[PDB]
Structure formats: C-alpha cells, structure tokens
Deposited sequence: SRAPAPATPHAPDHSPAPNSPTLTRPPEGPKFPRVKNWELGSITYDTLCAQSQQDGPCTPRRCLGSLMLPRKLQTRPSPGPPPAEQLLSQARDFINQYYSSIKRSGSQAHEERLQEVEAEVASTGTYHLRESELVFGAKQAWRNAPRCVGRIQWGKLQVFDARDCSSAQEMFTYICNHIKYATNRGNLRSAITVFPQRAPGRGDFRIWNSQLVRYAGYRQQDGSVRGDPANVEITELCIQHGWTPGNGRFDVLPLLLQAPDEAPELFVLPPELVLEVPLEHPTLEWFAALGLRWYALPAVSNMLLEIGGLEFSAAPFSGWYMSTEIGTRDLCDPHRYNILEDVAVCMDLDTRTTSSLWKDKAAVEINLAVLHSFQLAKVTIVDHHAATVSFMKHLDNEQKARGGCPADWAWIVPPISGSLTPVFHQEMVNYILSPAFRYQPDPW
C-alpha cells in the first residue's frame, strides 16, 4: 500500500509514507514506466493549494492552529476571492523556496537544503533591475570562491500579462558558434542561445570559452541584452596534478552553477524567473560538460595525449581518460580555492540526507537515474539504494523556452 524501499548493500528496509502527500501525477502508469524520460509530455484549485501551503508554513514554525495561522488563511481567502490571486509574505517565500529545493528529486545536493540565501526581487519592474539583482546574486553566491547557495525570486506570473523570464538556461554559460564547415566552436549545447544573443545585437567572440551575455525579459517587452562584468564571473583554469601537458589543452570552467530557466511554484503561485545556484559536483564538469560527445567532446584528445590505444574499445581508453579529466577538475578547483564536491562525497552525504528525511517526513522523492553519477555508478552507495520518485509541492518545474 506504501512502497517498501530497500538498500541492497546493507540489507536495510524503510517504507515511504511521504509519497501519499503527492498531488500531481508523473509520467508512469501500471502498463509502463517512463521514469527515464527527461521531460514530461479556477480560484477553487488555487485556493486549496494556497491553504495547503499556508498550513505547511505554520506547521514548520510549530504555530498550527494559532491566531496568526487563522488570520493568514483568512487573508488568503479574502485576497483570492476579490482578485483571483494572492501574495506571499517574505518569510513564507523563504520557506517555500527551501522546500522546493528539498522536494527536488533530481538533486543529489539536498543535505544542504536548509542553508539557502533567498533574495526577494519581487519589487522588480524592468530588465535593467533584473540585471542588477542578478549581478548581486552572482557576487553573493561566488564569494571569492567560497560558494554559498542562493536563489533570487522575481515577480510572480499574473493572469493575462507576460512573464518575467531569463532567456538563458544558466546564468553563466559558454557561447557555441556554428562554423563554416558545420562544426561548432565552443559549447555545442548553446548554439541556439548564442545565436539569439547576436540577433539581439551582441558582438560575439570566437573562442571556445566565451561567457554568454544575459537576455532578460520584463513582461510583454522584447528581451534586453546585458553583458556580465567579467570580474564577476569566477573561472577555474584546468590542470592536472601529474600530467603536465593537461594545462596546455587550454581548458577552463566557471565556478558558479546557476539555473535560470525553471519555474518556482509555491502555494499555487508561479515564479517564472527565479534563478538559483549552489556549487558544482565535479562529474558535471569533468564527465558531462567536457566528455559528452555532443558537448566539448575532449575524450579522444585527452586519450591521445595520454598516449592510450584509441583503436579499440577494450583498452578502456575512454574510461581512463574520463577519470583523469575528473581528477583534473577536482585538483584545479581545490588549487583555485573554489568550492567543489566529488561524486563519492556528494552521494555519501545524500545517503545521510535520505536518513534524515526518513525520520523527518517518512520518505524522500529521488530520481535514481539523476542521483547516480555518470561515471563509477556502482562505486557510490546511491547505486545500491532503491528510490521512490514523485512530485511534492513547493516545486521547481521545467517550462517552455520563451521564444
């Protein structure tokens, strides 16, 4: 009736009771599981999400049933009944943002969930103001390499007027320039956004590591272009502890992983621009960004520099080079004194988070395929851990690209 969840390394068992709090359907049915798919394919409804949320908030501060709790529910009813919508109090927004992170099933970093700096940017009325808020977020989160989790929340969606949006999917990414011969210079994942930036009048570089500008959009306005001050964008040159030639590859990556395309939903309210940042787990850079064939795709280059036999899969040249590239990321971040976490440390801390959440809430939604690192899966404890995936609210959700 409630799922049994087993750890196959330790033989331990728990039952997930939290999943019964889910109000929103995922993509699976009893006929077929779609858990590996990356994306999904009135006033009465909003009123009940708002009440549930408010009840969640008062219970978190152990004031369920208090005067303040009753009056806050009344304010919400009154506001929705007159206007079709309502507004959160700053402390509620702060609580809601932390829960959305807590509830995010694809995030291996959730042991940190209670430590989140929340910037209230709901008094934003222009793309220019958005830029200032974003620059302040970056500065704060970066903190000369001693990275601090942060979210900045721009004004909620409103009925029949356009959304505040950040067109970039990350606050910091590298340009991808489609070339004469159909190869790509830079990050092939960012060709389409790079082309939007130029079409909105950016003067592009021609390097492999050109930091993109921001396209910021205030309601029903053309997006506006803003170049990030280069001193705000902390970057780490990549070199290798023992392989002296690695540095000559001229590789580098940015310190700050900052998501800017997801929608933050709290209490039925939607925040279409609400960028958030933490710190990197080294496999995102070392394995995916640098080694994916449709990304920087450097594996063969590295393996050749290591003089490995590239002619056959069975020499395991790919595996060997992937490991050295990940080590080089860790070492370089450590050398530059910029916060990073390796995939062993991160998954061990995630296991601890599972245990905390089990006692706190009776379960924890997790997407096994996202939680298990892209190299050395079974070498980490999360591989051997069964997981239950489901949608709780508050939530981060994916949304359509604004163009």
Q: Residue ranges with no C-alpha coordinates, please: along the deposited sequence, counted from 1, in order.
A: 1-30, 72-82
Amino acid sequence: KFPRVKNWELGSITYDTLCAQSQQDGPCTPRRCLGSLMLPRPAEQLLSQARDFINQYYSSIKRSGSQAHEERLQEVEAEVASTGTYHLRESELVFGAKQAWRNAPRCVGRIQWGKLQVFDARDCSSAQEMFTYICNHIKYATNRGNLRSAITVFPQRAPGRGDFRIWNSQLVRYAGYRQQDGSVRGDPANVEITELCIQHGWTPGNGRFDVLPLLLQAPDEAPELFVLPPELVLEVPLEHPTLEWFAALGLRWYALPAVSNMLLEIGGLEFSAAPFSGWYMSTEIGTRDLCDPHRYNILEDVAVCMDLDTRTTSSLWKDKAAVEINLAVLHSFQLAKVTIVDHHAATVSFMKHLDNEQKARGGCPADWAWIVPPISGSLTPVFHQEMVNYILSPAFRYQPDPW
From here on, numbers count along this sequence of modelled residues.
Q: Tell whether, across the other compared PDB entries, at least a third have no coordinates for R41.
A: yes
Q.
Which is higher on mean Cα B factor in this entry, 268-276 or 73-81?
A. 73-81
Q | Comparing 303-311 with 166-174, the one whose average Cα B-factor in the PDB entry is higher | A | 303-311
Q) Per the coordinate record, which of the options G250, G114, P105, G286 holds the highest CA temperature factor? A) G250
Q. In the PDB entry, which of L93, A150, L228, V329 has its C-alpha at the highest B-factor?
A. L228
Q) Hey, what third does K318 fall into on Cα B-factor, ranked over its chain? A) lowest
Q. Thinking about Cα B factors across the chain, which third does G109 belong to?
A. lowest
Q: Could you say whether, by C-alpha temperature factor, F209 belongs to the lowest, middle or highest third of its chain?
A: highest
Q) Hey, what third does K337 fall into on Cα B-factor, ranked over its chain? A) highest
Q) Within this chain, which third does the Cα B-factor at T380 fall in: lowest, middle or highest? A) lowest
